Every structure is written in C-alpha cells, then in structure tokens.
C-alpha cells in the first residue's frame, strides 16, 4: 500500500491482520521486508502489523533531500496519522529504533501504547566529549567511503562479516542471509542510504529518550559489532524511565534473524504486559 506525505514523498507500507496495531521501523539499508518474521508471528497471534519503507528505501520513492531523522520521524508521524492508529506499539530495529525515538521526541505518545528499541542506535553512536565510549568518526567515514566505491560489495561484506556475527570464531556465513541483506540494500536509493549513515550515527536521541513516557522494551546482543551495546542498548535502558532490557548473550546485531523465535516470544510477552 502507498501513502503520499505532505512533501510529495511516496511511502510504501504493509498492513496485515487486525487487532491492536504494531508498527515496525526497519534498519539500514534494509526495508519493511526485514521484519517479516516478527510480523507473521504477531499477526497470527491476533495483532495488526504495519511496516513502512523509510524514504529512499525499498518501494518508497527516493527523494534527493530530507534523508535525516527529523524527516524520517515526521514521515512515520504522517503514516500513523493517516491510518489513525491508536494504542500502537512501535518497534524499531537499529536505525529504525532512532526513528521511533525521534518520532516520540517530536510528536509525543498520544497514539503510542508502548515502544521497543531492538539492536537500536540511541542514544548516540558517535564518539564525542560527552559520549567517550562511542565509535570514532573514522568508522562512519569508512562506511560512506565504501558506499561510494562499491555499495553492492559493502552490503555483501557487512552481511558476511559483522552484521550476523558470521565472522566469529567457529561461525560461517549462509548465503540466504547474506543475499537477502544485499538485495534489500540495492533497492534503497544510493543518496538516501549514504545520507542515512550520518543520520543513524551522529543524531543524539538522548533528549528523545527522556521524553518516552510509555513502557519500553530494549533488546540488544552483547556481541553486537555494528551498534556496540554499552553506548546503545544499556545506555538507552538507563535513560528510558521504567524500561525493560533483555541482553542476548553472544548475540550479533541481526538478532531478528539469528535469535528469531526468542525475539518473537519477547515481543509478544512485552505487548501482553
């Protein structure tokens, strides 16, 4: 399904099932397809599952401009308002956890019953004087540089090495997970995926997280090589009042796929809470 925002951007979204709405916000450089296993599970359990493609990702249009978290957040706000959702549970994975946080910081929680930050970027990835445990800018520069040189290879390298922990001792890649990650990545616009690197790594969601006044689940692997857990999941859980954190021992960043049934069960229990 498609909806057009006030600025003319066409957002593609999926909407399956009936019951309380659960909105999923995907990671970079993926699209709504990456959430399909949590969506099929939860819709079968009696919920309505909604997942949109961020601007410039998947099937949404690919604007040259507005590839930043304020806009991501405002596009999500317009989708929620368009569907007139009430009592929604917003789940964001990685960059999409930043999207959810910024949506709440800019728009509040009148339409939100609960939120979840899964392997998510908040509060702030970048190493700064206030965030000394973050990652150095050179890391993100490296990702922009590989994006411009050969993004199709970058995606294959990310999925083959850090993203699913296939580079860990005793582990080996599997082609279905590498190529599906690559495939979604190639549907995104090059400009949109490129500009998103700064938006997921430099945006500081600290103030957004202090405005979250609804039950919040934080899920993070402690072997996440892409979004280091101390400066993300642990730090989010500390900032969000009343949040619950589940640390998956030894789990990598893409735990939606490597710890699928575990995550499915944790999301359902959280919703029923």
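Positions refer to the first chain, counted from 1.
Q: Output the stretch having the higher mean C-alpha B factor in the entry; the candidates are 6-14 and 19-27.
A: So the stretch with the higher mean C-alpha B-factor is 6-14.
Q: Once you work out the mean C-alpha B-factor for both 73-81 and 91-99 from the entry, which is higher?
A: It is 73-81 that shows the higher mean C-alpha B-factor.
Q: Highest Cα temperature factor in the entry, among the options 65, 38, 34, 232: which one is it?
A: Answer for 65, 38, 34, 232: 65, with the highest C-alpha B-factor.
Q: Using the B-factors in the PDB entry, rank residue 147's C-alpha atom against the chain and give the third, lowest, middle or highest.
A: Middle third, going by the recorded CA B-factors of the chain.
Q: Based on the deposited C-alpha B factors for this chain, I'd like to know if residue 122 is in the lowest, middle or highest third.
A: For residue 122, the deposited C-alpha B-factor lands in the middle third.
Q: Considering only modelled residues of the same chain, in which third does the CA B-factor of residue 169 rank: lowest, middle or highest?
A: Residue 169: CA B-factor falls in the highest third of its chain.
Q: By its CA B factor, does residue 128 count among the lowest, middle or highest third of the modelled residues in the chain?
A: Top third by C-alpha B-factor.
Q: Grab the CA temperature factor for residue 42 from the record and place it in the lowest, middle or highest third of its chain.
A: Top third by C-alpha B-factor.
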